[PDB]
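Okay, so here's just one chain, in structure tokens, the form solved without the named molecule.
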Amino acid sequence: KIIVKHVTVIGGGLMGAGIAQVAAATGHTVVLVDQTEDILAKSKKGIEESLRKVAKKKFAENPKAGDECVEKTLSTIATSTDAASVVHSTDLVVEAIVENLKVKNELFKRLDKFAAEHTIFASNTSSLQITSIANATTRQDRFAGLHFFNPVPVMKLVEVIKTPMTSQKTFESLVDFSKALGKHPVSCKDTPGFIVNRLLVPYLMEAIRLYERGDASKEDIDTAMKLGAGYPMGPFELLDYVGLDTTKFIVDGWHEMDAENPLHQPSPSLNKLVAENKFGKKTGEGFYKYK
């Protein structure tokens, strides 16, 4: 089989860094790629901090081993500002860069010429169709979606997205990898939203619309889903959490794709917040104000 051992993660964002961190943490040799050394420096530092916060809790009875474990994981993460040189022999390429098709297709089209033969390609994209990216290459059978959730290092779920062209061996390789990461892989076809976002996002929009109709308050709607349906967070608390701009972008993506479906109709209230840079917790204000 194609046992993934060496992994190339392109993108130093929280997602990219999280994926690198878990892979590093489970015995994989990792190479994190990005545009500048400064970015890489920060991202890796981010991983270092995250890794220590956990070690100070698990290795409280023996801090020596803790620092060891942390050092061993950091050193298994390498950095580079040139993907082409790195992917010449990597087993897997996981992409987690800006959510723009053009940009993504250039990268992979390029990497598809330097990457080894067996190299599997996979995107972590939330607002695009895997198939649209895989066709920017000729490695389609080795192209798939590998969708994670934030905080990557904590969230055990990973959606192994298989396209009609994706190989069966490719699928099984990503399923075994996901487990090797200590994750729980679920399967899904290259359909907009896959499983989680497909069922979670529209619901959130629905909650926003119910509020705009004047039928209930955001507070009561939140109390309602927590106490009535046993949810961790009400839809509004959750929106601020996952990011209002992040949500808007994804919905607009489906909206533009299917202008008729009423489920993807824009929300004036959502749009307003986004326009006036009120993205949620990551700006101290979304539907609610923070800190």
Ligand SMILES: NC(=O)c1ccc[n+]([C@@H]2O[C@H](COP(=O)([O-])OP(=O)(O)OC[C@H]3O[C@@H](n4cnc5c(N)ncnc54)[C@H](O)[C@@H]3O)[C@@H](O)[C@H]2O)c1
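Note that residue numbering follows the sequence shown and begins at 1.
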{"query": "Mean Cα B-factor comparison, 127 to 135 or 147 to 155, giving the higher one as deposited", "finding": "127 to 135"}
{"query": "Residue range whose averaged C-alpha B-factor is higher in the record, 33 to 41 or 218 to 226", "finding": "33 to 41"}
{"query": "Among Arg213, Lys179, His118, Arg198 - the residue whose C-alpha B-factor is largest in the record", "finding": "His118"}
{"query": "Among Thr26, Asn261, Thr247, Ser50 - the residue whose C-alpha B-factor is largest in the record", "finding": "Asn261"}
{"query": "CA B-factor ranking of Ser269, expressed as a third of its chain", "finding": "highest"}
{"query": "Chain-wide C-alpha B factor ranking for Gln21, given as lowest, middle or highest third", "finding": "lowest"}
{"query": "Third of the chain's Cα B-factor distribution that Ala207 belongs to, per the entry", "finding": "lowest"}
{"query": "Chain-wide C-alpha B factor ranking for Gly11, given as lowest, middle or highest third", "finding": "lowest"}
{"query": "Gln168 CA temperature factor, ranked by third within the chain", "finding": "highest"}
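The form solved in complex with the named molecule exists for this protein as well; it is not shown, and the discussion that follows is about that form.
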property	result
Ligand-site call, the named molecule overlaid in the bound PDB entry, backbone or C-beta contacts under 2.4 Å, 3+ atoms	open
Heavy atom of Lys272 within 4.5 Å of the named molecule in the bound PDB entry	no
Proximity of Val242 to the named molecule in the bound PDB entry, heavy atoms at 4.5 Å	yes
Contact test in the bound PDB entry: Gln265 vs the named molecule, heavy atoms, 4.5 Å	no
Any non-hydrogen atom of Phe148 within 4.5 angstroms of the named molecule in the bound PDB entry	yes
Residue stretch of 174 to 182, 211 to 219, 137 to 145, 93 to 101 approaching the named molecule in the bound PDB entry, non-hydrogen atom distance within 4.5 Å	93 to 101
The named molecule: the contacting residue among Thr26, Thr29, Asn261, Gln35 in the bound PDB entry [heavy atom, 4.5 Å]	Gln35
Partner-contacting position among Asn105, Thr79, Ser126, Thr163 - heavy atom within 4.5 Å of the named molecule in the bound PDB entry	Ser126
Neighbours of the named molecule in the bound PDB entry among 1 to 17 [non-hydrogen atom within 4.5 angstroms]	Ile10, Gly11, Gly12, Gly13, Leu14, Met15, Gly16
